[PDB]
Structure formats: C-alpha cells, structure tokens
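S.K.: Next input, structure requested:
(chains A and B)
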Protein chains: 2
Amino acid sequence: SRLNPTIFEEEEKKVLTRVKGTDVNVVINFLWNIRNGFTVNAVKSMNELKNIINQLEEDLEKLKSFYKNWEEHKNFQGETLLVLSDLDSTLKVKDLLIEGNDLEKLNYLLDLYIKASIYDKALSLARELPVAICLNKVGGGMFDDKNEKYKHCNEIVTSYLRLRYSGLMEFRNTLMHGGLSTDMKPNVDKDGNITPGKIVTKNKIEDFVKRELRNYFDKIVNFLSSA
Amino acid sequence: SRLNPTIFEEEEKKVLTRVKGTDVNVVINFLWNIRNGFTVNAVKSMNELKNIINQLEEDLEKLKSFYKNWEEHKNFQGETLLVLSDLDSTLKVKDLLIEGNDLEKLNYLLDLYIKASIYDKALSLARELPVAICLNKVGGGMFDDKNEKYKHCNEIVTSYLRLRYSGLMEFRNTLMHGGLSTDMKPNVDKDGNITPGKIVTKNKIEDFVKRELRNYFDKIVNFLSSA
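M.R.: Numbers count the residues shown, from 1 in each chain, chains lettered A, B, ... in the order given. Below is the structure in question.
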C-alpha cells in the first residue's frame, strides 16, 4: 500500500504498479474459506486465484530480473517496503489450485484436507460430495430439503454409507460434534468432573482419514457413476 | 391313479409304472405359486421340476416308441385312462424353467410375468428383486425390518427408484391396491355412485410393462452391481 517510491523509471514502474495492486486479500479469503470449510466459495474462487498467481508469476519474474541486475536498479536502493521472498512464498498457493468443473475442484479440495491433517473437514466433504455428484447426474438440484432430487439422492448416499462404510458416518459425526455429544456420551458427574464415554485415540482417526478415506471415497463415486 | 392295466409285459410296465407316478401336482403347485406370486417358493421348485420333466421326457419318448409300434402293444388296446397329448403338453413347462442361483431364476421369472400379461406381479417382482440383489452383494440378510443390511439396502432401491423411475413406483402401487385406494382417489358419492379419481388406461400400463419395464430393470441392477 505504501509503495510507489520517488525516482522511478518507466519499465520498473510499469511492473511495480502491477505488483503494488496484487490482490493478496483474495488468497487470504481463499485460505479462510478452506480452514472454516467454505468449499462452495473456496472452490469457486480457484479460477480467479489461477489468474492472480499467473500474473504474480510473470510480475515476480520481472522483479527477479531487476534484482538479478541490481546494478541498474538503484531506485530500489532504499526499498524496506519490498520483499521478493514474501511474494515468492505466496506462489505456493498454485499447488492448492486445479482445473475443472466446481465438482472436480472439490474432489481435489478433499485431498488437500487429507494431506493437511484437518480431518473434520475432510470427512464432512467426502460425505456431502457424493450428494452433489449424484445431483449433477440427475439434472442438478439445490441442497434444500424441499428439493425432491436432493431429498432422495441424499438418502442414496446416507443409506449406502451407513450399511457399507459404517465408520465414515461415526468418524464424521464424532468429529462434527466433538466433545459433549450423543456421539461421545460423557457422564458429566454430580461433582462436575466430566468423565468420557468413548475414547477414539489420535491414531484411530489418523489412520482412517490418511489411509482409507480416499480409497473408500472413489469406491462410493464409482457406485453413484452408473446412477 | 387308476392305471396298471391287467395283461402287462415287463418292458411296458417298467416305463408305465414310472409314468403312473409322475408328480403332476408339483407342476400345478408351481403354476399356483406364480399366479399368486410366490417366487420364493415358485423359483425354489424350479430345480425339482427340472428333474420331473427330464424324467417325463425320457418316459414319453418310450411311450412314443410303443405307440409308434402299436402293433406290438395290444395291452394298451383298451387304455381310455392314457393320453400322450396330456403328457406332451405338460412338457411345455420346460420353457418356464431356467438354471442358476435363485436370484438368476427370479430374474427369468420377471420376463415370464411380462410375456404373460400379468403386470401386477411383474412390477412387484422388478421392485423387490433389486433389494435381494443388493442383499446378496452385502453378505445377505433377511427381508425383515429388524435387519439393518435390509433396512438400508431397501432405502437405496426405494430412493433410486423414486427420483429416476417415478413411474415404476406409481404403476406398481396403483396395480397393488387397484380400485378404491389413496392411489386412485375415487369420490365414492353420497348416493353411492363411485366416481374414479384417476384413469390410467389399459394401454398405459400395457406399453410401460411390455416395452420399458425390462430395459429399466437392467439399468437398476447395473447400478446396484458396483454397490
């Protein structure tokens, strides 16, 4: 924001004025909508960011060139407000981006939720994605209970999950309500010393999500394919 | 029953005593359990009848031989209690018989319910067969509401049918309750002159069952295959 330094040459200012206006707050919002699980908006933003970083690549490439020939850019002489590392590290988001329909983009978002050990979101996404997949092949329909193509189509995924992947449903619901739930059944106590009802250790969830949650998902979607 | 005539030669009596004891009442029970829709018992009996008719073929073949050389069988001289046509016509049931697992045998029974224009049973069978198909691939389970593998597995077929083959469900239920139902909604009248609510003509049902009911069924089972 506080850029645009005094002595400026045409070619450097043309590159710098692009960099100055890099929409970094979008990449922040993208990460926020992922941490707080807003795939609908997180996945939608993917195409815009694909344009943001493509421009940030060809901008940084020029800056890399100017700093690789620093002897000609002694206007950048006192630039305490500029950092090539701050920008180059923002380029990492190119990994979190893929191409395809919003459904295909969410399928990728699942794997990102698995690699980053954010289990809660990974399971919830793997649970609701097959609903959306089926809605696409039945002509499409809103995620409202009023919509019949949703209502039935959600019962197909709920019932298939509940008789086959009995664990997917438990693990999802357990993580969704976390502590103090009908899923965990703690005793609470007259004294106030809450005592847990179930256990489900760190390396219970860890193994399931990180080793089977992907394999299981592909087996669900391959079933709903011929729907 | 009133067979075993007086002057009898060893070879004719050996064939005739087999014929005399042909279990025709089984073929009757088989047809009864089909007309009144007892596939569970109708399909089970298929293997027994496959043995009945195989013996009735090689019995009639000997009788055909004896009657093709009538000049040597003048003991059959007065046989008013014997009829080759009565037996040969019972051989037709070989068509109503196929080989395979009881599930595969029922899949054939569907087509027999379609060729014979007995719609009511055809639709009901095409509705419940995919439940049984899914139960087989989930390890198997009783057709009781207490059984979880049934409960969920029936919801998969009900929900898939209700959002895709909306007609399969209507036509089945309409024929199941027939006249005077929540499916037909007649007004009844204060006078007592019942007035119909819907129509659904002879050639409405006729076209659906006889032209699409088979194609639609195969599309359902190909979906539940990867379950």
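S.K.: can you give me the strands in chain A?
M.R.: Read by DSSP state E, chain A holds no strands at all.
S.K.: Run a quick check on residue A:153 versus residue A:142, I expect a contact.
M.R.: No. In terms of Cβ atoms under 8 Å, residue A:153 does not count as a neighbour of residue A:142; the distance is 11.4 Å. Using the backbone N, CA and C atoms, a C-beta is placed for each residue, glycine as well.
S.K.: Neighbour count for those two, which is higher?
M.R.: Each of residue A:153 and residue A:142 has its neighbours counted (other Cβ atoms under 10 Å in any protein chain shown); residue A:153 has more, 27 against 10.
S.K.: quick one: that one from chain B, how far?
M.R.: 6 Å (Cβ to the nearest Cβ, to the nearest Å).
S.K.: Need the nearest residue in space to that residue, chain neighbours excluded.
M.R.: residue A:134 (4.5 Å; Cβ to Cβ, 6 or more residues apart in numbering or on different chains).
S.K.: List the residues that contact the one you found.
M.R.: Shown in contact with residue A:134 (Cβ atoms under 8 Å, 6 or more residues apart in numbering or on different chains): A:153, A:156, A:157, A:224, A:227.
S.K.: can you put those in CSV and add distance to residue B:121?
M.R.: Shown next, in CSV, are the contacts of residue A:134 (distance: Cβ to Cβ, whole Å):
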residue, distance to residue B:121
A:153, 30
A:156, 27
A:157, 32
A:224, 31
A:227, 27
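S.K.: from those residues, which ones fall inside helices?
M.R.: The members of the contacts of residue A:134 that map onto helices under DSSP state H are A:153, A:156, A:157, A:224.
S.K.: check contacts around the residue nearest to the second one when sequence neighbours are not counted.
M.R.: The shortest distance from residue A:156 to any non-neighbouring residue, by Cβ to Cβ, 6+ apart, is to residue B:159 (4.9 Å). Going by Cβ under 8 Å, 6+ apart, residue B:159 touches A:152, A:153, A:155, A:156, A:159.
S.K.: change it to 7 Å
M.R.: Residue B:159 is in contact with A:152, A:155, A:156, A:159, counting by Cβ atoms under 7 Å, 6 or more residues apart in numbering or on different chains.
S.K.: Export the residues you listed as JSON lines, with columns for distance to residue B:76.
M.R.: Output for the contacts of residue B:159, formatted as JSON lines (distance: Cβ to Cβ, whole Å):
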{"residue": "A:152", "distance to residue B:76": "66"}
{"residue": "A:155", "distance to residue B:76": "67"}
{"residue": "A:156", "distance to residue B:76": "65"}
{"residue": "A:159", "distance to residue B:76": "64"}
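S.K.: which of the residues you listed sit farthest apart?
M.R.: Across the contacts of residue B:159, the longest distance by Cβ to Cβ is 10.4 Å; it joins A:152 and A:159.
S.K.: Spell out which parts of chain A neighbour chain B.
M.R.: A:138, A:148-149, A:152-153, A:155-156, A:159-160, A:162-163, A:222-223, A:226-227 (Cβ under 7 Å from any Cβ of the partner chain).
S.K.: Which residues are in contact with the most centrally placed residue in chain A?
M.R.: Centroid-nearest residue in chain A: residue A:34, 3.9 Å away (criterion: Cα atoms, centre = their mean). Residues near residue A:34 by Cβ under 7 Å, 6+ apart: residue A:42.
S.K.: again with residue A:169
M.R.: A:161, A:162 are the contacts of residue A:169 under Cβ under 7 Å, 6+ apart.
S.K.: gap between it and chain B?
M.R.: Relative to chain B, and taking Cβ to the nearest Cβ, residue A:169 is found at 11 Å.
S.K.: Could you do residue A:198 as well?
M.R.: 20 Å.
S.K.: And for residue A:222, the neighbour number?
M.R.: Residue A:222 has 10 nearby residues by other Cβ under 10 Å.
S.K.: Go through chain A and flag its longest helix.
M.R.: Longest helix in chain A, counting by DSSP H: helix A:46-68.
S.K.: ok, and what's touching it?
M.R.: Against helix A:46-68 from outside (Cβ under 7 Å, 6+ apart): A:12, A:15, A:18-19, A:22-23, A:26-27, A:30, A:73, A:76, A:84, A:87-88, A:90-91, A:93-94, A:97, A:105.
S.K.: And those, which of them are buried?
M.R.: Buried by 16 or more other Cβ atoms under 10 Å in any protein chain shown: A:12, A:15, A:19, A:22, A:27, A:30, A:73, A:76, A:87, A:90, A:93, A:97, A:105, out of those.
S.K.: Mind picking the two most distant members of those?
M.R.: A:73 and A:105 (39.3 Å).
S.K.: What are the neighbouring residues in contact with the closest residue to residue A:179 other than its chain neighbours?
M.R.: Of all residues not flanking residue A:179 in the chain, residue A:186 sits nearest, at 7.2 Å (Cβ to Cβ, 6+ apart). The contact partners of residue A:186, taken as Cβ under 7 Å, 6+ apart, are A:180, A:194, A:195, A:196, A:197.
S.K.: ok, the second one to chain B distance?
M.R.: Distance of residue A:194 to chain B, given as Cβ to the nearest Cβ: 32 Å.
S.K.: Might one say that that residue is in contact with residue A:188?
M.R.: Yes. Contact between residue A:194 and residue A:188 holds when scored by Cβ atoms under 7 Å: they sit 5.3 Å apart.
S.K.: Please determine how far the nearest residue to residue A:157 once chain neighbours are set aside is located from chain B.
M.R.: Spatially, and ignoring its direct neighbours in sequence, residue A:157 is nearest to residue A:130 (4.6 Å; Cβ to Cβ, 6+ apart). Separation of residue A:130 from chain B (Cβ to the nearest Cβ): 13 Å.
S.K.: how many neighbours does residue A:130 have?
M.R.: 22.
S.K.: With the one 10 residues further on instead?
M.R.: Neighbouring residues of residue A:140 were enumerated by other Cβ under 10 Å; the total is 11.
S.K.: Skipping adjacent residues, who's closest to it in space?
M.R.: Nearest residue to residue A:140 in three dimensions, chain neighbours excluded: residue A:149, at 7.7 Å (Cβ to Cβ, 6+ apart).
S.K.: The one you found: what's it in contact with?
M.R.: A:135, A:138, A:139, A:141, B:163.
S.K.: which one is the last one nearest to, not counting chain neighbours?
M.R.: It refers to residue B:163. Distance criterion Cβ to Cβ, 6+ apart; nearest residue to residue B:163, sequence neighbours excluded, is residue A:152 at 3.8 Å.
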